[PDB]
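Chains as they are written, first to last, in the UniProt record's numbering: chain A, 1 to 759; chain B, 1 to 759. Backbone N, C-alpha and C define an ideal beta-carbon position, used for all residues, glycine too.
There are 2 protein chains.
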Amino acid sequence: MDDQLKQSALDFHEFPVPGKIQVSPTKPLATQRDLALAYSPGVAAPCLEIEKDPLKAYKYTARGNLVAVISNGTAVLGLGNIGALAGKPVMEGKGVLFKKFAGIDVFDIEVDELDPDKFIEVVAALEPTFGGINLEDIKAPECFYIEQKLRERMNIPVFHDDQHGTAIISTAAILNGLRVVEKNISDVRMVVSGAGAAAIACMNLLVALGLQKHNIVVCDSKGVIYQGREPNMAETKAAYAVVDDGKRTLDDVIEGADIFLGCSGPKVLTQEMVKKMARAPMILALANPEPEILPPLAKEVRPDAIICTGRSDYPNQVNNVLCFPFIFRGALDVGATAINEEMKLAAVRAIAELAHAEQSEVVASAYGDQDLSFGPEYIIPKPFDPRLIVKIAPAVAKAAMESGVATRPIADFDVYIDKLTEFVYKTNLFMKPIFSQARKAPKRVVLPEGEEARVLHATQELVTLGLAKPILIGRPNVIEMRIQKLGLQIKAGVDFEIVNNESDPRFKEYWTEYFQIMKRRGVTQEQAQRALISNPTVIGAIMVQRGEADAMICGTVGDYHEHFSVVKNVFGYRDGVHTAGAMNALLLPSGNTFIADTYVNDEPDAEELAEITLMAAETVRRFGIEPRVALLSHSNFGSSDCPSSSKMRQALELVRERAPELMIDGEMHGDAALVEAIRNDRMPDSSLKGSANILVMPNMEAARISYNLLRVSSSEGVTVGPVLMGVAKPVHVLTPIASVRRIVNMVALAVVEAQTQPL
Amino acid sequence: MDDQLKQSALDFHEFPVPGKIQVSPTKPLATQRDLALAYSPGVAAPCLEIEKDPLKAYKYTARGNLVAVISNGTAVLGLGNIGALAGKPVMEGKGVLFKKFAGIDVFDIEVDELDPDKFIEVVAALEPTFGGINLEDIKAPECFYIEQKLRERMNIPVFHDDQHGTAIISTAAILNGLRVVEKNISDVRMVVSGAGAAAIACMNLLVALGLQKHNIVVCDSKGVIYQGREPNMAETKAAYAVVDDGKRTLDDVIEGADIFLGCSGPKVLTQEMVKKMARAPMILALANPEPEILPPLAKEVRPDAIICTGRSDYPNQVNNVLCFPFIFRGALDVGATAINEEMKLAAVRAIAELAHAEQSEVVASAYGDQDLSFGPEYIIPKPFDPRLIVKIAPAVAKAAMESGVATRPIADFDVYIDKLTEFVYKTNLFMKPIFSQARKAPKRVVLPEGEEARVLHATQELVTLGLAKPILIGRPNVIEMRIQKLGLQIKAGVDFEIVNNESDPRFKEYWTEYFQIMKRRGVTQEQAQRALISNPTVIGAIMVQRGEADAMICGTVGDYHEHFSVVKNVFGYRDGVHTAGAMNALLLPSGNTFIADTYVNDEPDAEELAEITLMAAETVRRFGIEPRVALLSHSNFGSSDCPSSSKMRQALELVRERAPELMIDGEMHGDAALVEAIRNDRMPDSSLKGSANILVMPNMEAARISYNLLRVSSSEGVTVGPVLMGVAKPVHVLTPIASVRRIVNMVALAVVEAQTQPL
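Quick look at the structure:
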C-alpha cells in the first residue's frame, strides 16, 4: 500500500477536524420558545403520546431513519482481529456512505465483547434506540449464530452485509450472465472455492431461485466436501455435503462445470483448469485485495470468459455499496419487522432489470469510451448510478407488502417514487407542478444543437419520462454514431425526428420565408440561403413560426445574444409589451427565489422594469406560487436620491397603477427584502408580507453578480434559468455550461407554456 | 399543560422532518479519491495506527468529542417509569442542547433493561465507542449503585446529571448567599426536605467544602432521621442519621435553622415555619413542575428571604443546563479518565466567581429593566450567559491537571481560552492578529455617540479586554444613570473620560478651529458655534485633529453620508490619493472575502477603482493574508463591450502598471472568481491562483445588493464592515444596526491603524 496514499489517508482523516461525522440539529434553537419546546416543559407533551402508542414513536423521533452499525473488531475487512477501537474508522466510513447514498442517519458502535451470548444480550438490549441493525466485521462461525439469534429475538431488521450483500450482487450477476449465454438454470453445474459466508448465502439464494442441489459442488481447502469425509464437520458445511463419487481435488470437479465461485484467496485457479470447465466460463473472484486470477489471463486463454472482481480498476466490479443502503431505505420506509428472503429476491430482480436499461449521464462521463453496452463487458450497474434507489427501494417495499411484515403500509407507490426522486435530483420538489402539467399533453420541441452529448442525454431522458416529442437538427450519420457511442436506446424516426440541415426538401420555403421577414433588415437572398444552410437556430425559429413545431430550446453553444437576436427578429414581442427579460431561479435558505433581469437589458428604465415585473409575476404564478416582489437598491426607502433610486420609485408607482392586486414594495435593501424582522423594524406598515420571492435589480451588473455569487455560496449550485419572457412564442435560450437536468427542466417548462394558446 | 402548547410541541417535533437530530459528514465525498480515502483501501491506513497506539484513536476519530446519553426510561423528569422508547425525545433534546451549548457530538441510547447488573454489563461493553458517558432518568436507589459500579469499572468519566448538576448549582448558590448575608460556614445549620439524590450530593459537597456534620438535619416523610429510628434503613440514609434528641417533626428542627433545602414536593413548607427559622432564610425549592412554596408568599412574610426555584419565570432559577456541557468540554479536552470531586469544586468556584462579574449584553437585553445587579435578586448567572464556557472549562481542565487523571496535557491555557472564544464569537479566528497587535499598545478612541446602550456595552468589553482607552461624548447624568441601569462596572474618570458637549472649557478653541477650516465652505461663525454645541461628530473630529485623541468611531445613529461628509471635510484625503472607499468583510464557504466599494462612490471610474484596489490590498495585508483581487462584471473576459467592462479593463491595466507584484486578474464572472476549476476551464493561464478574497464591483448597486444577499444567505449573517479607506486619519463610520461585537472589532482595527504613524 503506497506510502503517499497512506499519508493522504492520514491527512484526510485528521485535518481540519478529527473524525468524519458530526451530529447537528434540524430545528431552530435561537429564542426562548425554542428552548421551551425542545426541552422542559414542552418535551413532556410528545412523550406521553409515545406512552399511549409505541407506533407514534415513529412519528416524532429519528427512530424511523436511524440505523446502527455494530462491530467488535474481530473480522475487519482485511486485517482479521485488531480490536474494535482499531476498527472504528471503518464503521465511520460506512455511516458516511449510508448518509451520502440513502439519506439515512446512523450510529456506529464498537462493542468490546468476544462472548457471542453477551454480544447478543447487549444488541438485544439496545433495541428501542434504533429502527434497524446492521452487523459488520464479525468472524465466522460466530457470525451465523449471532445473526440467527438476533433475528429470532429482536423485532427490527438485521443484516450482516458481508454475508448477504455480496450474495445479492453475485446472484444478480450470475443470473444475468446465464441470460447472456442462454444456459438454463436447471442443467448448470456449480463449483465453489472457499468457505466464506458469502458463498453459503449465494448457494442458499440460488437454490431458493431454482438451481438444483444435485448439480452443486462445494470445495474447501480439504478438497471435495462429500458425505462421510469426516463425522465432526460443520452442520452448515454438512448441508452441502454431496454423495461421494471418488473425486477429491478441485481439478476433478471443475471439468465440465458451468460456474466458478471463489472467496478464499489468490492464485487458487489456473489457466489450465480454466480450460477444464465447459463453454463460456463464469469466473467470479471476490478475494481481496487481490482476486483469484488475473482477468487478462482468463480472457486471453478463452475469449467468451465472464470475469467479475472486487476491484474498481477492472470491469464488472462486485461492490457491496450497490445494495445495503437501498434495502434499508425500503425496509425502514414501511416499518418492516424483519427482512426475509422475499426482499432479497426482489432486490436481485431489480438489479438484474436495471442492468438492461440505458446508461446514465454520470457513469457514461466517468467511465469514458469503454464499450459499456449490455453484454459480457457490462453485466451489473456501476456503483454511482443514481437510478439504483428508485429501482430498488419500491421493490423491497412491495416485497414487505406481500409478506405481511410491514407495519406502516404506504397508500400508493407513485408519491413514494416522487419523494425518492426529489431526494435524488434536488429540484423535483420545485418543478413537480410543471412536470405534472406537461405530462398531460406533450408538444413538439426543436433542439437545433442536435449533436451535443448533453442534448442527446436530455432527449433520452425526455423520451423516457414521456414529456415531449423532440426534434433534432444535424447530420444523421454523426447523430447515429454518437448514439451508438454513448449506448443510448432512442431510435431515430421512432422516438424523435432528425432534420438534415445540409439537405432538406423544404429548403426553398424556409429561406424564402426568412428573406420575406428580414429583407428590410439588410439580408439579401444569398445571405438568407447561406443562413438557412449554416445556422441551426434560424432553421428552428422558422420551423416554429410555420407551425411545424411548438417550442424551441437553443443556445447551449456560442454566445447568448446572437441566439437572442435571431429569436427576437423572427418572432417579435408579444402584443402589449415592448421589452424582453430573463429570470433565474435559485434556492436560498429562505426558499425559492427569482432574480430579474439577468441577461437581456443592460440598463432598463422605469417602464421596462414595470413590464418585466408583470411578466415575472405571471411566470411565477405558473409554478403555483403566490408572487411577492421586491425592488432592490442601495437606497433604503428613499435614503438616497441617485437616479437609480428615482427610477425604482417611478417603476413602483407604475406597477401599482397597472396591477393593483399584486404584492409589491420598495425600494429596499436586500436583507430587508429577505428578512421579515428587519423590514418590520424600519417600515412597520409595508404591504409586503413574509419573504419576497422575486427580486428586481436596477441593472444587469447587479443582477448577474448577485446571481453568480449566490449560486456558488448557496452550497447547492443549482438553478432553473434563464427563463425568457416577452417573446411571442415559447422559446428559451440556455448557456454553454448548462447541464442535462437544466435542459430537461426547460423543455418541460416550454411545453407547459406552449400547451395554452400563446398570448 | 396547555392544549395549544401541546399542539405546538407536537408540530415542532413532527414537521417538516420527524426527529430533532441528523448525522452529517465533515469531509468532501464528491470525487473517486474521496471514496478511496474514506473507505477501502485508504481507511486501512489509520486503523493500523490505532492498533499500534490506542491514544492515536483520539486523533483520527470523533471519539474525542463524542458523548453518550444512556437511559432506560424509568425516571423520566416528571413521568416516573414510562419506558425507554417513550423517553427517547428527552434524550434527543438533551443531545441538541449539548451540541448547541458546547459543540459536543452525542449519541442518545435507550436500553430496555431493568436489571442493574445487565445495565452495567451493557454500558461497560459500549466503552470503546465513546469518550464520555452521561446517565439520565434512572430511578433511585438503583442509580447510585449503577453509577458507583460504572465509575469503578469503566475508564471514562460518568455522570448522572440529575444527581450531580443540581448539587453543583445549589452549592454555588448557597455559598454565594452566605457571602451575601455574611454568615460563617461553621455555625450555619442545615435542614433538608426530601430524599432526592440531589440533596445527598449537596450534603456531600458542602461537607467536603467546610460545612460541619453536627449542624445538619435530614428529614424525610417519616420526620427526623435520627440514629436508631429503625434498624433496616438505608446505609446512604444512615450516613446522615443524627443522634436522637427527641425531635420528630420538621417543625421542631426548622426553628433556628439557617438554610432550607427541598426536592420532595409542593406545599411542604408554610409561612409560619418560614417565620420559625433564623434571620435571612435560604428558601431553595427544586420540586417540579411546582416549587415547595410560592416565592411571593415567602418574600411578603419576610423581606430578606432568598428564594431559588426551578422555573424560568421566577428569579434565580436553578437550571441544570448551566453545568454539564461545560464540565464535559473541560474533561474531554484533556482526556480525563474520570471526574472526581476536585472538578466539581472547581466548577462551583467558577460559577460563584462568575456571579460577581458584570452583566453581558444578551442577558441584559433579554431580561429587561429588572434590578439584575449582584445581590439577593441575582445570585447565580442566567442560563444563556456566553462567558460560562470560558470561565468553567479551563478551571475543570486545571483541576484534572492537578489530580493526575489527565492523559493529554495541554501546554498553555491561553491558546485554549482563545479556541473556546473562537467557538463562542465566530470571528475571533479571523480577528486574532488584529487583537494581538492592538493589545501591545492601546490608543485613545473617541465614541461621539456616548449615550447608546450598545456603545456602553462595547466600552465595558473594551476596558475588560484592555484594548483601548475610550472617550465618550454626552451628558454625564444620563451616562451615569444608564450605567447604573445596565449594571455595568466601568467608572467615569477611572476607566474612561466623559466630555460634556453642552459645557466644555475648550469650546472656544474647538469652534475657532472648525471655523478656520470651514470658512470657505460656507460656514459662518455662528454656524460653527452651533455645530460644536449640537453635533458630536464634529467635536470628535476636531478632538482627533488637534491630537487630543488617536481614533474616532462614529455613525451608529443617523445617515452614513452626513458623518462621512463631516469626516472628509475635517480630515481630507491622505497624500497621493484622491478618493475614498468602503469595504465589507464576509465569511463564505470558500473563506473570508472582502467586497468593495459598498458605501462611498456611486459610479467610480477607472482611476478611482485602481486606487480603491490598492488601498484594499494594503488593508487586507494588515490582516496577515496574501491579497488576491478579482474585478467582476457580467462580461466574461471581454465577452461584452459595454462601457462598464471597458472601465474594468482600463482599471486592470492601471493597477498592473502601478503595483506589478499584486495578484490580480479580470474581468470575470463571480463563479470564475470564486471557483478554481471554472476559471481554469475558460482561461488556463490566468495570473490568479486559488480563490480570490477581494472583489471589486463596477458600481455601488451591485456591491450593496451582493453584499446584503450574501450576508443573509451565508447562514451566519456576520460581517466586519464597513472599513473606510482613503482618509488621512484612522476613522470609521458604522451603521445603526451594528451590534456590540462589530463595534469592538472596529475599535480594535482603528487602534491597530493608529499604532503606526498615519500615512
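DSSP-derived helix/strand/coil call for residue i
i: B/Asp3; result: helix
i: A/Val499; result: strand
i: A/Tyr39; result: coil
i: A/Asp251; result: helix
i: A/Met518; result: helix
i: A/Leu631; result: strand
i: A/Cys308; result: strand
i: A/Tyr510; result: helix
i: A/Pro470; result: strand
i: A/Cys263; result: coil
i: B/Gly581; result: strand
i: B/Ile133; result: strand
i: A/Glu290; result: coil
i: A/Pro381; result: coil
Expected contact under 8 Å - CB spacing of residue i and residue j to nearest Å
i: B/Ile743; j: B/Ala458; result: 4 Å
i: B/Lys88; j: A/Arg63; result: 7 Å
i: B/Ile389; j: B/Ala102; result: 7 Å
i: B/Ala393; j: B/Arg329; result: 5 Å
i: B/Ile471; j: B/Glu497; result: 5 Å
7 Å Cβ shell around residue i - same chain, five flanking residues per side excluded
i: A/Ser686; result: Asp665 and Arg679
i: A/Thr537; result: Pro448, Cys554, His563 and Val566
i: A/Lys426; result: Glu716 and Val718
i: A/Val207; result: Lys213
Same chain only: Cβ atoms within 6 Å of residue i, ignoring 5 sequence neighbours per side
i: B/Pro730; result: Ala551, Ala750, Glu753 and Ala754
i: A/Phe515; result: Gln525 and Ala528
Pair within 8 Å by beta-carbon distance, residue i and residue j
i: B/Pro128; j: A/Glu110; result: yes
i: B/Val191; j: B/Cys219; result: yes
i: A/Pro698; j: A/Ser633; result: yes
i: A/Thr556; j: A/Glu452; result: yes
i: B/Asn693; j: B/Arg628; result: yes
i: B/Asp597; j: B/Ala582; result: yes
i: B/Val301; j: B/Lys275; result: yes
i: B/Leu695; j: B/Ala659; result: no
i: A/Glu51; j: B/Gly93; result: no
i: B/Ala278; j: B/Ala257; result: yes
i: A/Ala280; j: A/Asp304; result: yes
i: A/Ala728; j: A/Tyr560; result: no
i: A/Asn215; j: A/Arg179; result: no
i: B/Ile490; j: B/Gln460; result: yes
Neighbour-count burial assignment, residue i, 16 or more Cβ in a 10 Å radius
i: A/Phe98; result: buried
i: A/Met1; result: exposed
i: A/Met91; result: buried
i: A/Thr309; result: buried
i: A/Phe326; result: buried
Cβ neighbours of residue i in the same chain (closer than 8 Å, five flanking residues each side left out)
i: B/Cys143; result: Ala75, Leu135, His160, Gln163 and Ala197
Given a limit of 7 Å on CB to CB distance, which residues of the segment 692-715 of chain A reach chain D? Absent from the structure is chain D; the protein chains it does hold are A and B.
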